[PDB]
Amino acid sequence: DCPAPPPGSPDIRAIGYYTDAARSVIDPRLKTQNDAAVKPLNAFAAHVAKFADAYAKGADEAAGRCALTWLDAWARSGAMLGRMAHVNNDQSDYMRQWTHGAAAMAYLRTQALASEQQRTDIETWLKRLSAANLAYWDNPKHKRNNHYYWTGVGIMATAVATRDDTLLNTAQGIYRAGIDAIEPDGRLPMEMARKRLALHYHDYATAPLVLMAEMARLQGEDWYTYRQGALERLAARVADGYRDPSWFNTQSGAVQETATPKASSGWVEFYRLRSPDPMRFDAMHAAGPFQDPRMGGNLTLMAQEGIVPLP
């Protein structure tokens, strides 16, 4: 039975929860407040990915159609296309970026089940979300860290699902901006500035980059050839960081928070298949399986079976 979706409100009212300039110290009451405010967005993402995962298992046409029912409801309500309410930061825009990515990823996986009506309304919505999220970054002040790279997930998934060569080129630029930002020692300076979370955010920056390159495979393109060796350096630094945080400790100036690779760390499920040295990523692979609705759902199964299930 396909549950009723949350309201697809045009407006988003998120609240930033970091207190320091490095955006590494969390106010627990602001975080709890945000989680309540963005509950319909996280619930939307979690369900459409749940439904896409179940469709991908086979013999569950119904789950794929339930994902589409949710997507079509939010598309027809103009969800997230209204006001991005500013409380103390741009958290509302960050949510639109992540939720667009989850929505476009789910559509990419389930569109074979979509009626023409659903295709028209969802794709129009996803293209409007792509234009809105991209326009946010037209402001110079907004620094293009991992939030920028995650914006490429929704743009890329929309591009592949709609066969929009223009959005494809926009997504490639976002991917390449990330690859271009990798320094010769493997670091991403804006993620290295997050102190105790430097490892966490190098991990979180690698995830959309890898996902974009993997979606490019769906159209026969090998984006891993761009600046050959840069992504490998970044990805290896992350894998090494979970083994031993000494290098991140030294370059960030802070002792990294102890954490097991989880969720969006599942970019490793794909990258271990692309790396010339897969054994570097066995430790991270062993922490699987990995699931993240913002990346389409079960990364462990998608790496084995493909992002888009066979119709």
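Numbering starts at 1 and runs along the sequence shown.
Worksheet entry | Per the entry, higher mean C-alpha B factor between 38-46 and 265-273 | Result: 38-46.
Practice prompt. Read off the CA B-factors in the entry, average them over 25-33 and over 279-287, and name the higher stretch.
Written response: It is 25-33 that shows the higher mean C-alpha B-factor.
Worksheet item: Out of 79, 182, 85, 215, which one has a C-alpha B factor higher than all the others in the entry?
Response: Among 79, 182, 85, 215, the PDB entry lists the largest C-alpha B-factor for 85.
Worksheet entry | Where the record places residue 9 (Cα B-factor, split into thirds across the chain) | Its C-alpha B-factor belongs to the middle third of this chain's values.
Practice prompt. Relative to the other modelled residues of the same chain, rank the CA B-factor of residue 162 and answer lowest, middle or highest third.
Written response: Within its chain, residue 162 is a middle-third residue by C-alpha B-factor, going by the deposited values.
Worksheet item: Would the CA B-factor of residue 140 place it in the lowest, middle or highest third of its chain?
Response: As the PDB entry reports it, the C-alpha B-factor of residue 140 lands in the highest third of its chain.
Worksheet item: Taking the C-alpha B-factors as the PDB entry records them, is residue 101 in the lowest, middle or highest third of its chain?
Response: Its C-alpha B-factor, which the entry lists for residue 101, ranks in the lowest third among residues of this chain.
Fill in: Chain third (lowest, middle, highest) by recorded CA B-factor, residue given as residue 203
It falls in the bottom third of the chain.
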